[PDB]
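Residues 907 to 1044, numbered by PDB author numbering, are exactly what the sequence shown covers, in order.
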Amino acid sequence: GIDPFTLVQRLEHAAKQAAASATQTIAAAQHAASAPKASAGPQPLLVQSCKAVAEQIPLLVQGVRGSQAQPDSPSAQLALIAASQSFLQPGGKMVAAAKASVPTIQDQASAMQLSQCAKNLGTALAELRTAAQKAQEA
């Protein structure tokens, strides 16, 4: 009957919205940066993770597109699964940093924007983290 993609199904969907939400979170985080001007090195965890996440975003989508083309390919599967878990590492950091940086952002627009972005990214990771989990160990 109807046998769908399964496991990679949730990977595709979660990684797409993760990549989307990540980009939005990055654009908000480094828009203001909750870094004080008086110090010897106030490098915001946001921006540090933003650059990390920014390079992981294409990997997600690359994995996604690979899974779309070859859902029955362990090469594409493990690629997406690995990329997902690789994205979670810096991605989760930016989420944690974002929520704590919101109240310390002087620009109200950026603060409220970051709040929504991190809320999306956090939930995106919630999907992706569980998605790759099911696809990996089953």
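Heads up, the beta-carbon is just placed ideally off N, CA and C, and yes, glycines get one too.
Using C-beta distances below 8 angstroms, list every residue in its chain close to residue i, excluding the 5 sequence neighbours before and after it, in chain order.
| i | result |
| --- | --- |
| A975 | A982 |
| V970 | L917, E918, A921, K922, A925 and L986 |
Please return the same chain residues whose Cβ sits closer than 7 angstroms to the Cβ of residue i, not counting the five positions on each side in sequence.
| i | result |
| --- | --- |
| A1038 | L917, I987, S990 and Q991 |
| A1003 | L951, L952 and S955 |
| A934 | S1016, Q1019, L1020 and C1023 |
| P977 | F911 and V914 |
| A939 | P950, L952 and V953 |
| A925 | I963, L966 and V967 |
| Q936 | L952, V953 and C956 |
| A960 | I932 |
By the three-class DSSP mapping on this structure, what secondary structure does residue i have?
| i | result |
| --- | --- |
| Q962 | helix |
| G947 | coil |
| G907 | coil |
| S940 | coil |
| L913 | coil |
| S979 | coil |
| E1043 | coil |
Looking at the secondary structure, which residues open and close the alpha helix (DSSP H) in which residue i lies?
| i | result |
| --- | --- |
| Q1012 | Run containing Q1012: none; DSSP gives neither H nor E here. |
| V1008 | Where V1008 is concerned, there is no enclosing alpha helix (DSSP H), given that its DSSP letter is neither H nor E. |
With a threshold of 6 angstroms on Cβ separation, who are the neighbours of residue i within its own chain once the five nearest residues in sequence on each side are excluded?
| i | result |
| --- | --- |
| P942 | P948 |
| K1005 | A1024 |
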